[PDB]
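Given next, in structure tokens, is a single chain: the form deposited in one PDB entry.
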């Protein structure tokens, strides 16, 4: 399933980003790709992400769910490309790091489920057309 596969990759990435500690072939290769591209993306948007995180004040699970409802509407507006999808997942990694920092580690998995919901609920057909995670891997390399 698209949702299950997406969640496996996204949860693994957010958790390893937060703790600093690390279809299996596709999932493995997508995670590796995401480690490489997500790194440049997080650094490129660092100040912006910090600013957004500040205003949002995400400190518990309810806040995570609250933010996801708004993200769904924003992400569904405008163009769709892999770079924007990586940007969404990178913001998720950024938030995940913040949650670990403030000792709210229990919120990381719900955040991963919310980021995956944002992605799959709004871009399911685009993802299927682009060949899912295999498409992702092929696109970057």
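Residue numbers count along the first chain shown, from 1. Whichever C-alpha set is largest while still superposing within 1.5 Å between the two forms counts as the rigid core.
Student: Please count the deposited residues lying between residue 129 and residue 130 that the model leaves without coordinates, and give the class: none, 1 to 3, 4 to 9, or 10 or more.
Tutor: None; the chain is continuous from residue 129 to residue 130.
Student: If you take the mean CA temperature factor per stretch, which one wins between 71-79 and 56-64?
Tutor: Mean CA B-factor is higher for 56-64.
Student: Given the B-factors recorded for C-alpha atoms, which segment has the greater mean, 91-99 or 29-37?
Tutor: Looking at the recorded C-alpha B-factors, 29-37 comes out higher on average.
Student: Among the modelled residues of this chain, does the Cα B factor of residue 137 put it in the lowest, middle or highest third?
Tutor: Middle third.
Student: Once the chain's modelled residues are ordered by C-alpha B factor and cut into thirds, is residue 18 in the lowest, middle or highest one?
Tutor: According to the entry, residue 18 has a C-alpha B-factor in the chain's middle third.
Student: For residue 124, does the deposited CA B-factor place it in the lowest, middle or highest third of the chain?
Tutor: CA B-factor rank for residue 124: highest third.
We do not show the form deposited in another entry, though everything after this point is about it.
Student: Taking the rigid core as the frame, does residue 32 move its C-alpha by 2 Å or more between the shown form and the other one?
Tutor: No, the C-alpha position differs by under 2 Å between the shown form and the other one.
Student: Any chance the CA of residue 106 moves 2 angstroms or more between the shown form and the other one, core superposed?
Tutor: The answer is yes; the displacement is at least 2 Å.
Student: Aligning on the rigid core, do we see the C-alpha of residue 72 shift 2 angstroms or more between the shown form and the other one?
Tutor: Comparing forms between the shown form and the other one, the residue 72 CA shifts at least 2 Å.
Student: Say whether the C-alpha atoms of residue 104 and residue 113 sit closer together or farther apart in the other form than in the form shown here, given that their separation changes by 3 Å or more.
Tutor: Farther: residue 104 and residue 113 separate by 3 Å or more in the other form.
Student: Please check whether, in the other form, the CA atoms of residue 76 and residue 8 lie closer or farther apart than here, given a change of 3 Å or more.
Tutor: Between the C-alphas of residue 8 and residue 76, the gap widens in the other form (3 Å or more compared with this form).
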